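> Before anything else, here's the structure in question.
The numbers here are math on the coordinates, done by the rules we state, and not lab data. Cβ: placed from backbone, ideal geometry, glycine included. Neighbour counts: every protein chain shown.
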Amino acid sequence: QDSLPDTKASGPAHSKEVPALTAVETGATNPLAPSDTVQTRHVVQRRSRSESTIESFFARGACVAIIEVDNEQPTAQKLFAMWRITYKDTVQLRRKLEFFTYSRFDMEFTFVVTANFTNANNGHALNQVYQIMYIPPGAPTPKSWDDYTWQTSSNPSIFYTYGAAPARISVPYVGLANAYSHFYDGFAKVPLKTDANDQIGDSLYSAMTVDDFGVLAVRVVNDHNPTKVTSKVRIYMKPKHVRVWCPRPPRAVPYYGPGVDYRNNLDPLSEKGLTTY
Amino acid sequence: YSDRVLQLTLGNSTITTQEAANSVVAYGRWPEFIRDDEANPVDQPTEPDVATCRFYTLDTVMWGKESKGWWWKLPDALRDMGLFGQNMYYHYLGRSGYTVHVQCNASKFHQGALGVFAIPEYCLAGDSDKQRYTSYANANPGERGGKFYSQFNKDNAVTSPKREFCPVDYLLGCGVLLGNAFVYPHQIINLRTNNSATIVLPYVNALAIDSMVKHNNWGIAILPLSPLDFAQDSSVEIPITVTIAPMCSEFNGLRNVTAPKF
Amino acid sequence: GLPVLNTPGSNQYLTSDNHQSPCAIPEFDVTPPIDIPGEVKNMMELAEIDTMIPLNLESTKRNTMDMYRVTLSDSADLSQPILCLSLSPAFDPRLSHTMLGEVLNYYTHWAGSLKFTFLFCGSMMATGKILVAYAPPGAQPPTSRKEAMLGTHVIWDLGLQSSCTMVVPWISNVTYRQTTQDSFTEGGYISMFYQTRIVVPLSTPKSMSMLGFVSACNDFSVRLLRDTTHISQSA
Amino acid sequence: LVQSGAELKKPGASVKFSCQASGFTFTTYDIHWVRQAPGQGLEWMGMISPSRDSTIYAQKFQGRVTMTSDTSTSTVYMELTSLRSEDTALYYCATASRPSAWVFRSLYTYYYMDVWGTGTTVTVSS
Amino acid sequence: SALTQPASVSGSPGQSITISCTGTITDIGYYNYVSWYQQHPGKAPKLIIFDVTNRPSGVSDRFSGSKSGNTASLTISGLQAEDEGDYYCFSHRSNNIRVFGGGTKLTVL
Amino acid sequence: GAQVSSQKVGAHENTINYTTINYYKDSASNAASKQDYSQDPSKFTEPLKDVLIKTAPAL
Ligand SMILES: CCCCCCCCCCCCCCCC(=O)O
């Protein structure tokens, strides 16, 4: 029942009504079937637009972060790491979302952890447990790999044991607005004439908030091996139950920062002659 | 009757055009006040009707042979236009739709084409290597608006940066190819076809109501898709006039007046 | 305990899985939706919008505003084509960065009819006609009007209706054509010629622009999702 | 320890610095150059990353300064290709090797300068 | 374009002093890469706080650090005569350059 | 408490159902019901006030 409209049979025409002529100045686009300019047979059209739906378009999970943590005894060492949860630092999922101005989705986050020994002589280590702790905005961040914040009394946390299936969770629509804003024509602060200095009202263009959706903190829970084990927690982000709300042209030139700014490679189109097929 | 001839009237103001090319209601939605099941603030909204919802005419810009384009932001272009600008500055939250009318008149012997585009959340690219560093006074130019450029000249004044935009014209000022801007609500003023364009804009935002001083809901971009030619003259200039009326203006959170630094 | 057997594909991550997963923030009070204008249910509603074609990709013209405008004139060599284009909407560099081409570069296969709408931006006193022709593949690409009029074509009369739409019908051997370059599932050739010429009176510009637009018809679908070539990231 | 070259004293002409370190720290970590005119305070000049030979320079020096690498000796170099009297400064060589907990962009590790070399003065006058 | 610091700060032993460092919204107000460096005379600088509120191993707990906006602050609590010297603030800045403060000489009275 | 619905059969052997059960309390935990069929594109394709018919002149 998802099928496209059938092409109707169309004979020759000699008519005062003319489908081919139009005026794109109106902003409308001419809604022609091929039956309205060429002769067509009837064909029962069994194709459908199922893979082009918005949930089908966004159904594939995409990498958004590669978080690196060390495990080594102190003698320079990253025993824990922290990442501000954003889509905008990997270009592919960012360009797919930035087809639209606003969107509204639940998320799946899938965590793939890969570890390796860092020097060949130092040998073996036992299996590692990884704590991935969500720190919402305003909650206390750790200042060491084993302070009180890792006790995770009110924070969500994933304890992943190494070699298991890649740990995953779902997160609801968490936005303060009714949809997430991919683009924001505005500021967080307005400078006023009564301000004591300009930096009271100065804020970044197109930034809504700093620490917008919080921080993921990652550590090895184990006490440190004498051998150095380096590990990477890759984070894969899948939007689901997606509704999108205002279409945009996709990004043509390369991305530069979390804004719409551009700096290099402002030549997205190649050379091809006007008469060359 | 014909859709070349339109009369638009809002408040005490009236536009008549005899060379229109229909009109665009953006995304099929005519502007409306906030319904009670979509409302966020509890404060009783000021809805001034005919005092704010009337056709205000911005400064006329001259289209010439080397013009690369012009842009404005809403509600920022109307921030000094009468009781709308006063209600916008006196209230924390504001919603309005807009009717954008662009007038551009030329003879049957002139040629040229303007694409008028209405962009929701029209972010523009900055002038420099520092990310997102465009100041408020330069991001909000008022009824003067801003201009597009043919190339990305980059600010190297380390002593004191300009903190402006650099909108490149074929990049639509934001890094997207201009031929795809027709997914936005749009009309073309093609001088053999029409002298005017009408886009009716609803309140497109992720919230029911928002800070009008902080945030621009729409950006209007006017770019010459085909350049202006007349006779065999190098000195051709024809006027473009942009007239915007708010529609369904409502405001919440009355306080002392916002006085932004410019 | 229930006896269970673990099949192959246990403990994998597919990135396309459609499986349930526990919630990090349970009993969260989700903000309700509102009736924001402009909702899209399907990426083919981002096609069937006419978006402008960078037809003029010559060396001085490309990556400027002049890539979109084709120069018609009162004194062109009328035997030679105005423009030539290959019907490969994700691979032809004039078509690849249109909205149809950008939607299609996220997909491996496509099928359907294509509108090509051309807008005339001369003066009101400018008159003329134009043959715009689509030739299905397997023959010589049309070098003259005498060849191109054997294909599917529209003769466009310049008048009060400023613009004209030529529909490429779905003439194909395969049920879906590939979006990458492929001589097997190739799409044919679009060509454009003068029939009579541009006629202008005195005190009128003798050369003028034309803008071309492309969009999908209602019979159009795409069916296998893929990564695009159009975006890249440095190490 | 990170070892600097000796002191130079010439006006008007180009001056080349040398900075040698251990083989592991050269291949893993970035090397930053910082200068200090007498009493005037620290001033970042740029960065060489010998793992990939990418360079960044501060805008005060983008024309004037080139940085190059030697994998055989684990040495980095800096050449100040034109010179002025205000370049009379103590020039420091520093390895960025203290890692920040905050993930740089979303794919990389940020490093602060912790292994500073002893550095060298250059005086630019007749 | 350098980060603003007071040129000198003074206090007697046993007191708490606070050196402060104000930059723009593209360095301290956006990034958490805000560090502090101590330079006794003739020595190469020593990193004393790397991330905000984070000390390296072997740096005493009288040093402490905080961020309040576009401003970062270094508090030395229980001041001693060995703390006399220069203190240099540092941050990353969004065009991928790095910037030092102008430096504060601390005189222990 | 199961849900049951028909698959769209592609290849055929020699009308077929699939079963889903939501195991968790919240809606975010649920799988994707791949049934989000398309709309009329006219809100982008023809956003006019005086809506044209395709065979009539556009002005
Ligand atoms: C145990 C881990 C819990 C994970 C919690 C995830 C917090 C919500 C993240 C939602 C992000 C929405 C996408 C927008 C990001 C952006 O603005 O770039």
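> Restricting to strands (runs of 3 or more DSSP E) lying wholly in segment A:107-207: which have 2 or more residues that are more than 10 Å from the ligand (Cβ to nearest atom) and more than 8 Å from every other protein chain (Cβ to nearest Cβ)?
Per the criteria, A:129-135, A:157-161.
> Since C:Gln80 meets every condition but one in (1) part of a loop (DSSP other than H, G, I, E, B); (2) under 21 Å from C:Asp50 (Cα atoms); (3) more than 14 Å from chain B (Cβ to nearest Cβ), which condition does it not meet?
Failing condition for C:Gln80: (2).
> So which residues in segment B:154-196 are more than 8 Å from every other protein chain (Cβ to nearest Cβ), farther than 29 Å from D:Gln59 by Cβ and assigned to a strand (DSSP E or B), if there are any at all?
B:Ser196
Yes or no, residue by residue, for (1) part of a strand (DSSP E or B); (2) among the hydrophobic types (A, V, I, L, M, F, W, C); (3) farther than 25 Å from D:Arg35 by Cα:
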| position | (1), (2), (3) |
| --- | --- |
| E:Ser1 | no, no, no |
| E:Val9 | yes, yes, no |
| E:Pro13 | no, no, yes |
| E:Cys21 | yes, yes, no |
| E:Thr26 | no, no, no |
| E:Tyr30 | no, no, yes |
| E:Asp61 | no, no, yes |
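> Considering only residues that are of a type in the set (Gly, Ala, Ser) and facing another protein chain (nearest Cβ under 7 Å), look in segment A:57-106 and name the one that is farthest from the ligand (Cβ to nearest atom).
A:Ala76
> Restricting attention to segment B:6-58, which residues are part of a loop (DSSP other than H, G, I, E, B), β-branched (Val, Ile, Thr) and out of contact with any strand residue (DSSP E or B) (no Cβ under 7 Å at 6 or more places or on another chain)?
B:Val42
> Can E:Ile19 be described as surrounded by 20 or more Cβ atoms within 10 Å (Cβ to Cβ) and in contact with a helix residue (DSSP H, G or I) (Cβ under 8 Å, 6 or more places away or on another chain)?
no
> Among the numbered conditions (1) under 14 Å from the mean Cα position of the chain (by Cα); (2) loosely packed, with under 14 Cβ neighbours inside 10 Å; (3) over 18 Å from E:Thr107 (Cβ atoms), tell me where E:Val52 comes up short.
The one condition E:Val52 does not meet is (2).
> Just checking, how many residues over segment B:229-250 are part of a strand (DSSP E or B), of a type in the set (A, V, I, L, M, F, W, C) and surrounded by fewer than 23 Cβ atoms within 10 Å (Cβ to Cβ)?
4
> Can you confirm whether A:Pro258 is at negative phi and away from the ligand (no atom under 16 Å from the Cβ)?
So A:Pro258 fails the test.
> I've got another one for you. Restrict the check to segment A:221-230 and report whether at least one residue is within 16 Å of the ligand (Cβ to nearest atom), assigned to a loop (DSSP other than H, G, I, E, B) and surrounded by 15 or more Cβ atoms within 10 Å (Cβ to Cβ).
Looking through segment A:221-230, at least one residue is within 16 Å of the ligand (Cβ to nearest atom), assigned to a loop (DSSP other than H, G, I, E, B) and surrounded by 15 or more Cβ atoms within 10 Å (Cβ to Cβ).
> Kindly evaluate A:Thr22 against the criterion of being farther than 28 Å from C:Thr175 by Cβ, more than 16 Å from the ligand (Cβ to nearest atom) and crowded, with 19+ Cβ neighbours inside 10 Å.
yes
> Any residue that is outside any strand (DSSP E or B), farther than 30 Å from C:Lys146 by Cα and either within 16 Å of the ligand (Cβ to nearest atom) or basic (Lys, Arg) (or both) - is there at least one of those in segment C:107-120?
No: segment C:107-120 contains no residue that is outside any strand (DSSP E or B), farther than 30 Å from C:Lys146 by Cα and either within 16 Å of the ligand (Cβ to nearest atom) or basic (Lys, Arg) (or both).
> Could you tell me whether any residue of segment A:30-38 is more than 10 Å from chain F (Cβ to nearest Cβ), at negative phi, in a loop (DSSP other than H, G, I, E, B) and surrounded by 20 or more Cβ atoms within 10 Å (Cβ to Cβ)?
Yes: segment A:30-38 contains one or more residues that are more than 10 Å from chain F (Cβ to nearest Cβ), at negative phi, in a loop (DSSP other than H, G, I, E, B) and surrounded by 20 or more Cβ atoms within 10 Å (Cβ to Cβ).
> Within segment A:41-63, is even one residue part of a strand (DSSP E or B) and closer than 30 Å to D:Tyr112 by Cβ?
yes
> Right, something else. Filter segment C:31-77 for residues that are more than 24 Å from the chain's Cα centre (by Cα) and polar (S, T, N, Q); which is nearest to the other protein chains (Cβ to nearest Cβ)?
Going through the qualifying residues, I end up with C:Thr31.
> Pairs only if they're at least six apart or on different chains, beta carbon under 8 angstrom, first in segment C:16-30 and facing chain A (nearest Cβ under 7 Å), second within 16 Å of the ligand (Cβ to nearest atom) and among the acidic types (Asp, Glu); list them, first residue then second.
Once the first residue is facing chain A (nearest Cβ under 7 Å) and sits in segment C:16-30, its partners that are within 16 Å of the ligand (Cβ to nearest atom) and among the acidic types (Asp, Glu) give C:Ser21/A:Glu108; C:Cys23/F:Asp26; C:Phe28/F:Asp26.
> So which residues in segment D:1-25 are more than 13 Å from D:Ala94 (Cβ to Cβ), among the small types (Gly, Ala, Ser) and in a loop (DSSP other than H, G, I, E, B), if there are any at all?
The answer is D:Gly5, D:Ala6, D:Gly12, D:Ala13, D:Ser14, D:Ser22.
> Can you tell me how many residues within segment C:112-134 are more than 25 Å from A:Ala28 (Cβ to Cβ) and either at the interface with another protein chain (Cβ under 10 Å from one of its Cβ atoms) or under 10 Å from the mean Cα position of the chain (by Cα) (or both)?
1
> Here is a further query. Please go through segment D:65-123 and pick out each residue that is over 30 Å from A:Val233 (Cβ atoms) and either touching a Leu at 6+ places or on another chain (Cβ under 6 Å) or among the aliphatic types (A, V, I, L, M) (or both).
If the condition is that a residue be over 30 Å from A:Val233 (Cβ atoms) and either touching a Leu at 6+ places or on another chain (Cβ under 6 Å) or among the aliphatic types (A, V, I, L, M) (or both), then D:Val65, D:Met67, D:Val76, D:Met78, D:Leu80, D:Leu83, D:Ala89, D:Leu90, D:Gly119, D:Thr121, D:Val122 are the ones that fit.
> Let me ask something else. Out of everything in segment B:11-38 that is within 13 Å of chain C (Cβ to nearest Cβ) and farther than 14 Å from B:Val200 by Cα, what residue ends up being surrounded by the most Cβ atoms within 10 Å (Cβ to Cβ)?
Looking at the filtered set, the residue picked out is B:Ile34.
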